[PDB]
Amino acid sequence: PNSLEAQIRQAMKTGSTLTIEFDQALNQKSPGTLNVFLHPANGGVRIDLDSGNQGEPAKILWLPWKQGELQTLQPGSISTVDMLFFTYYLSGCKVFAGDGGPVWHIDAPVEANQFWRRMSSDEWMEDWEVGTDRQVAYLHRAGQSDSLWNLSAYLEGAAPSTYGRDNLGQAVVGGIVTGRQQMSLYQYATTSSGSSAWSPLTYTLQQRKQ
């Protein structure tokens, strides 16, 4: 087979099944570029800081998870075509990504009005004028209470993407860098039924309402 990094990038693009296991220790690393090790795992790849166990070094873009908080990947971090991006597992969490803008990983219990308030101090958000459009990818868990994710007061456009059902399930989000400050996003979900194949996570047109 190819390098584990290439295997992931091909699984994403081809819409194949290839799971990702993350070491929790990665959440102690700040957002931005990160040197990790990739290893074979049952049905997929493990990403950690273990230099042994047939580990293959890779430089990725990384976005940690933090309890009760948002974490942000700034687009200034993004350059190298075909570099992979990952965030930690979504456990009821939300991911909001602006095309050419930041990516936010928001923990499950943070209310939508609160996380939008926090997001909106970012320079990319301040530059997004009411009545104008951006391309935004937004992913939440299906069946979660609407107060934890509904941004309809703020954005008009396509509905969010969802993962899971009945407020159960997890997701993995990653990406492939396509250029300066540019990435294409991919996702899969894990439920009682098993893990889905990768598919695109689509940026949709959104107009800012207020």
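For every residue, the number given is its place in the sequence shown, counted from 1.
Of the two segments examined, 113-121 and 75-83, it is 75-83 that shows the higher average Cα temperature factor in the deposited entry.
Relative to one another, 38-46 and 164-172 have unequal mean CA B-factors, and 38-46 is the one with the higher figure. Note on the listed residues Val177, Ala58, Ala142, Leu26: the highest Cα temperature factor in the record is that of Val177. Looking at the C-alpha B-factors along this chain, the one for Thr191 belongs to the highest third. Ranked within its chain, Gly32 lands in the middle third, by CA B factor from the PDB record. Per the deposited record, the Cα B-factor of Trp128 falls in the highest third when ranked against the other modelled residues of its chain. The entry lists a Cα temperature factor for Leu70 that places it in the middle third of the chain's modelled residues. Among the modelled residues of its chain, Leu63 has a C-alpha B-factor that falls in the lowest third, as given in the PDB entry.
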